[PDB]
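Undergrad:
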Ligand SMILES: [Zn+2]
Ligand SMILES: [Zn+2]
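Chains as they are written, first to last, in my numbering: chain A, 4 to 184; chain B, 11 to 164; chain C, 385 to 400; chain D, 123 to 143.
#1: Please check if any C-beta of chain C sits within less than 9 angstroms of the C-beta of residue 20(B).
#2: Say yes only if the C-beta of residue 148(A) is nearer than 8 angstroms to one or more non-hydrogen atoms of ligand 1, and no if none qualify.
#3: Could you list the residues in the segment 122-135 of chain B with a C-beta less than 9 angstroms from some C-beta on chain A, going in chain order?
#4: According to DSSP, what are the bridge partners of residue 11(A)?
#5: Quick test of your reading: residue 173(A) and residue 155(A), contact by CB under 8 angstroms. State the CB separation rounded to the nearest angstrom.
#6: Between residue 118(A) and ligand 2, is the CB less than 8 angstroms from at least one heavy atom?
#7: Considering only the alpha carbon of each residue, which of 112(B), 55(B), 106(B) and 104(B) lies closest to residue 97(B)?
#8: How close, in whole Å, do the beta carbons of residue 36(A) and residue 91(A) come, if the pair is a contact with beta carbons under 8 angstroms?
#9: Quick check: does the Cβ of residue 100(A) come within less than 8 angstroms of any heavy atom belonging to ligand 1?
#10: Compute the Euclidean distance between the alpha carbons of residue 148(A) and residue 139(A), then round it to the nearest angstrom.
#11: Any chance you could list the alpha helix (DSSP H) runs of at least 4 consecutive residues sitting entirely within the segment 44-121 of chain A, in chain order?
#12: Taking the beta strand (DSSP E) that residue 163(A) falls in, what are its first and last residues?
#13: Using 9 angstroms as the limit for Cβ to Cβ distance, is residue 142(D) near chain A?
#14: Are the beta-carbon atoms belonging to residue 133(B) and residue 37(B) less than 9 angstroms from one another?
#15: Are any of the Cβ atoms in chain B nearer than 9 angstroms to that of residue 123(D)?
#16: Pull up the DSSP beta-bridge partners for residue 175(A), would you.
#17: What is the rounded straight-line gap between the Cα of residue 14(B) and the Cα of residue 82(A)?
#18: Taking residue 74(A) as the reference, give the member of 105(A), 7(A), 89(A) and 181(A) with the closest Cα.
#19: Starting from the Cα of residue 134(A), find the closest Cα among 161(A), 62(A) and 59(A) and give me that residue.
#20: Just the Cα atoms here: how many angstroms apart are residue 124(D) and residue 97(A)?
#21: Residue 46(B) touches chain C at which residues, Cβ-Cβ below 8 angstroms?
#22: In the DSSP assignment, what residue or residues form a beta bridge with residue 128(A)?
#23: For residue 137(B), which option in 34(B), 39(B) and 24(B) has the closest C-alpha, if you only look at C-alpha atoms?
#24: Closest to residue 45(A) by CA distance: which of 105(A), 53(A), 63(A) and 126(A) is it?
#25: Tell me residue 32(A)'s beta-bridge partners as DSSP assigns them.
#26: How many angstroms separate the CA atom of residue 47(A) from the CA atom of residue 141(A)?
#27: When the Cα atoms are used, what is the spatial distance from residue 179(A) to residue 55(A)?
#28: Whose C-alpha, out of 92(B), 93(B) and 103(B), is nearest the C-alpha of residue 86(B)?
#29: Cβ-heavy atom distance between residue 76(B) and ligand 2 below 8 angstroms?
#30: Residue 65(B) and residue 99(B) look like a contact to me (Cβ under 8 angstroms); what is the Cβ gap, rounded to whole Å?
#31: Please tell me whether residue 130(D) and residue 76(A) are closer than 9 angstroms, where the distance is taken between their beta carbons.
#32: Run the proximity test for residue 396(C): is its beta-carbon closer than 8 angstroms to any non-hydrogen atom belonging to ligand 2?
#33: Does at least one heavy atom of ligand 1 sit under 8 angstroms from the Cβ of residue 104(A)?
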């Protein structure tokens, strides 16, 4: 079966700020990818193997709001640009890619999926380039293999005059390495 | 209101599928013929009619959403039927694919006009016809999305 | 006679 | 600093479906 995705908004600007300060979030959680926000920015967090992972450049050192109050990070790695929290109750986890494939599929915050060719263990190129603004807010989102398993997390676009030609990602192996230290 | 990319569609005599791609609602000429499509404001005229490719197009209706065309080059495809079943087919030529796993003919009936999807969920072609051996479909004809793209541009 | 739309399919399975 | 807050979600596990009338 093919990779298809939908986005749902669960919370507006004002509710997000309030929840940010109290750290207490009563909403029901569903899905594999969470749309995530701070005061300055919005990005993605991907659940893999029971852990909810995102980019350090987004979450910094922060807790995540949960039904029990704020939750502290389980993993933190400034160098790989990674953070992880326990996956929220109700989320569903992806599992790492174990096929060896180099045809990847990036899932953006608007729930579009875009083909990428793996070009090395941390880079891939867009088979069909898009303006950088199509990728804004997609940091921490998943790169998928054809069977829908996780190959990596989107980190940054590689672009040229505002057009994304390629993407840097954190390989799923860096996740295991972060978990070990 | 959630939108659909595929519409289930009917005439007096049959029922089949249409698929929205690039703002156009596309289906098979052998089903729609030269007909208009219904709307709350009255019938709407075909934007495109191409008897050779077996292709017709109308402006996309209210309640719909466009599928984006495939641009990876994959030959693992997925056919979506009128019951929302999905059946894997392997691409064999540019108009042709084989089901990984053959099905009775009735399983595919009423699905012409539906999409064939690449692994990314993008449109590779429109299901044209089942390729049948004694009531078992084991292959499919389809209209490659390039034809749709050409028909528009021309 | 026109073609009429009798139903819709959402490829992602997005609920109402 | 404030907590990170879930403001939405993306669901990969849904399959094609007929939209209920
Ligand atoms: Zn894999
Ligand atoms: Zn494709």
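Beta carbons are placed, not taken as given, at the ideal position from N, Cα and C, and that holds for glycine.
TA: According to the data block:
#1: Against chain C, the CB of residue 20(B) has a partner CB under 9 angstroms away; the residue lies at that interface.
#2: yes
#3: 127, 128, 129, 130, 131 and 132
#4: For residue 11(A), which the question treats as bridged, DSSP gives the partners 131(D).
#5: 5 angstroms
#6: Yes.
#7: 112(B)
#8: Contact doesn't hold; Cβ gap of about 12 angstroms is too wide.
#9: yes
#10: In a straight line, the C-alpha of residue 148(A) is about 22 angstroms away from that of residue 139(A).
#11: 59-62
#12: Its beta strand (DSSP E) spans residues 153-163.
#13: no
#14: no
#15: no
#16: The partner list for residue 175(A) (beta bridge, DSSP) is empty, contrary to what the question assumes.
#17: 43 angstroms
#18: 89(A)
#19: 161(A)
#20: For residue 124(D) and residue 97(A), the distance between alpha carbons rounds to 28 angstroms.
#21: 386 and 387
#22: 120(A) and 169(A)
#23: 39(B)
#24: 63(A)
#25: Its beta-bridge partners do not exist; DSSP assigns none.
#26: 6 angstroms
#27: Rounded to whole angstroms, residue 179(A) to residue 55(A) spans 13 angstroms at the Cα level.
#28: 103(B)
#29: No.
#30: So it is not a contact: roughly 20 angstroms between Cβ atoms.
#31: When the beta-carbon positions are compared, residue 130(D) and residue 76(A) stay at least 9 angstroms from each other.
#32: no
#33: yes
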